[PDB]
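**Q** Take this structure, written in structure tokens, and hold onto it; I'll ask about it next.
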Amino acid sequence: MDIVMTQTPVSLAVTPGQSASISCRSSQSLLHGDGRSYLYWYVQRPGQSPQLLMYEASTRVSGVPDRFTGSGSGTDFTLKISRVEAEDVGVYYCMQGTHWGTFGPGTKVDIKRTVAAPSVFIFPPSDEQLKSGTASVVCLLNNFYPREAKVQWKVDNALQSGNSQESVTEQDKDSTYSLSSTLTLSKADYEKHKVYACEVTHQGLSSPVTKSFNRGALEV
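Each residue of the sequence shown is one higher than the last, beginning at 78 in the numbering used here.
Below, the structure is given as structure tokens:
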């Protein structure tokens, strides 16, 4: 009698770094006389052709990351991921080896985009730009989520507004953003002040972070 394969769950969403384990079930036992159960695990990543991950239920294919392990015998099997990584997105199918048939229904492994606080850094202007008579101070926000972020400039601890421009990258595929905030002053006005600081507000930060530097350059 031909074998019917079923998988659970239909889908799961996890954060990179978590563990996971999906299940596969066969309508008939896959156990052979040699004590081995002929069960394959495949993954189909977006746009790619299926890739073999496991054979004989518990033997990982050479080259497959060691985060993948397999277990099970007879009619019930599991694929285990000790640490889910971003590149594990895809549909995971099981397939029995007793006779030629279709994949199981598959389990789509999604990956949740969590809140990521930005890494903030400030950059004094270069002497080459100061020669042109213009000073541009840059505050960089690297790889954050979600998009909403506030950058408040302060010159000698005076709140600034109207002399800064923001440039954000397109959404990454990590779905994170990177942003630059450039405070532009004349060379004369730049050398009129000592402390330059950017204060970033982002829901990934329990409190707003301030990066500063002291002209003449002490980074605080």
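We put the beta carbon where it would ideally sit given N, CA and C, even for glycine.
In whole angstroms, what separates the C-alpha of residue 213 from that of residue 188?
**A** Here residue 213 refers to the residue found at position 136 when the sequence shown is read from its first residue. Here residue 188 refers to the residue found at position 111 when the sequence shown is read from its first residue. Those two C-alpha atoms are separated by around 39 Å.
**Q** Considering only residues of the region 173 to 236, which uninterrupted beta strand (DSSP E) runs meet the minimum length of 3 residues and lie entirely inside it, listed in chain order?
**A** 184 to 188, 196 to 200, 211 to 221, 227 to 232, all fully within the region 173 to 236.
**Q** Any idea if residue 105 is buried or exposed, counting beta-carbon neighbours within 10 angstroms, 16 or more meaning buried?
**A** Position 28 of the sequence shown, counted from the start, is the residue given in the question as residue 105. Looking at its Cβ environment, which holds fewer than 16 other Cβ atoms inside 10 Å, residue 105 is exposed.
**Q** Distance, Cα to Cα, residue 186 vs residue 209?
**A** Sequence index remark: in the sequence shown, residue 186 carries index 109 (1-based). Sequence index remark: in the sequence shown, residue 209 carries index 132 (1-based). Cα to Cα, residue 186 sits roughly 53 Å from residue 209.
**Q** Judging by CA-CA distance, which residue of 168, 158, 274 is the nearest neighbour of residue 147?
**A** Taking the first residue of the sequence shown as 1, we reach residue 147 at position 70. Checked all of 168, 158, 274; the closest Cα to residue 147 is 158.
**Q** Tell me which same chain residues have a C-beta within less than 8 Å of the C-beta of residue 155, skipping the five on either side of it?
**A** Stepping through the sequence shown from its first residue, residue 155 is reached at position 78. The residues are 98, 99, 100, 101, 147, 148, 149.
**Q** Measuring only the C-alpha atoms, how far is residue 163 from residue 268?
**A** Residue mapping note: residue 163 aligns to position 86 of the sequence shown, counting from 1. Residue mapping note: residue 268 aligns to position 191 of the sequence shown, counting from 1. Those two C-alpha atoms are separated by around 46 Å.
**Q** Rounded to a whole number of angstroms, what is the C-alpha to C-alpha distance between residue 240 and residue 93?
**A** For this step, residue 240 is matched to residue 163 along the sequence shown. For this step, residue 93 is matched to residue 16 along the sequence shown. Using only the alpha carbons, I get a separation of about 39 Å.
**Q** With distances taken Cα to Cα, identify the nearest neighbour of residue 200 among 211, 190, 215, 193.
**A** Your numbering for residue 200 matches position 123 in the sequence shown. Selected option, being the one with the closest Cα: 215.
**Q** Is DSSP giving residue 294 helix, strand or coil here?
**A** Indexing the sequence shown from 1 puts residue 294 at position 217. Residue state, collapsed to three classes: coil.
**Q** Residue 272 and residue 234 look like a contact to me (Cβ under 8 Å); what is the Cβ gap, rounded to whole Å?
**A** For this step, residue 272 is matched to residue 195 along the sequence shown. For this step, residue 234 is matched to residue 157 along the sequence shown. Right, the Cβ-Cβ distance comes to about 6 Å (below 8 Å), so this counts as a contact.
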